[PDB]
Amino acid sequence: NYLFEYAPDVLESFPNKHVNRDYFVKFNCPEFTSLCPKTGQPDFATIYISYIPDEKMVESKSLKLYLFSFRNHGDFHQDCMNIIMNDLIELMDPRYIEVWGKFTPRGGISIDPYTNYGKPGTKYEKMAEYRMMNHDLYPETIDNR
């Protein structure tokens, strides 16, 4: 249940009507916040999630609810971007996926974590390998303002 606790169950998929090709979908998510930090102070991020579906696409409404479920969730065991990628992998079995998060600063320093994944043994694994090697080569200017 999405309201008070983390709800990976709230995620819903639908058939990708274009298995025939590589359809690339990105979700800009700037209303992300959670109690993942070890300190209990909330954190705040814009999370960008990009993926190439195989059989399945994720419903955008369910994603929103899913991300809201993190709001008051301070049972952080494994790292939060990963939880997000894992859950979405479990859901769609995608060809490619990545979760990029840009955080508000805490202590004068903002953390931008990044993970991706492509199906083992396919060009999508080369894609993840390539998008890692090339990650964030050209950084937006940060002045804390």
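A residue's number is simply how far along the shown sequence it sits, counting from 1.
Participant: Look over 56-64 and 74-82 in the entry and identify the one with the greater average Cα temperature factor.
Facilitator: The stretch with the larger average C-alpha B-factor is 74-82.
Participant: Could you settle it for me: does 96-104 or 35-43 have the higher average Cα B factor in the PDB entry?
Facilitator: Going by the record's values, the stretch with the higher mean is 35-43.
Participant: Sorting by Cα B-factor within the chain, modelled residues only, which third would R21 end up in: lowest, middle or highest?
Facilitator: As the PDB entry reports it, the C-alpha B-factor of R21 lands in the highest third of its chain.
Participant: For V10, return the chain-relative third of its C-alpha B-factor as stated in the PDB record: lowest, middle or highest.
Facilitator: Its C-alpha B-factor, which the entry lists for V10, ranks in the highest third among residues of this chain.
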